[PDB]
């Protein structure tokens, strides 16, 4: 009976500092090669890595993902897996959460 609206977060250090921002009514065009994104689907979190994400941003995102899983929401299964997804190699369990997916994007 679980009803899950997925949440997409962009993790970026381009701005100067590092923030994870939740992306309202997200779509595929919100994803970008330069950044890492977290797609929280409740029973797992996809860790989506853009083609041109740097190591510094990836590590920052990894910390936010591990920190994030504590704070929001509380009362959440500690064995929630983080699943690595690389840009252009997204599995159907990932793309299935988007209203529309263009497989020729990028």
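Computed quantities for the displayed model
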{"read-out": "Pairwise label distance in nanometres, residue 72 with residue 28, each label 7 Å out on the Cα-Cβ vector", "value": "2.7 nm"}
{"read-out": "Length-normalised contact order for the chain - Cα pairs under 8 Å, 6+ apart - percent", "value": "26 percent"}
{"read-out": "The chain: radius of gyration and largest Cα-Cα distance (Dmax), Å", "value": "13.3, 42"}
{"read-out": "Length-normalised contact order for the stretch 1-43 - Cα pairs under 8 Å, 6+ apart - percent", "value": "49 percent"}
{"read-out": "Computed [θ] at 222 nm, helices only, for the chain once each DSSP H run of length n ≥ 4 contributes -39500 (n - 2.57)", "value": "-6000 deg cm²/dmol"}
{"read-out": "Volume per residue that the Cα convex hull of the stretch 59-106 spans, once the total is divided by residue count, Å³", "value": "112 Å³"}
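Read the figures in this text as sums done on the coordinates, not as results from a lab. When we count neighbours, we look across all protein chains shown, and the Cβ atoms used for this are built from the backbone with ideal geometry, even at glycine.
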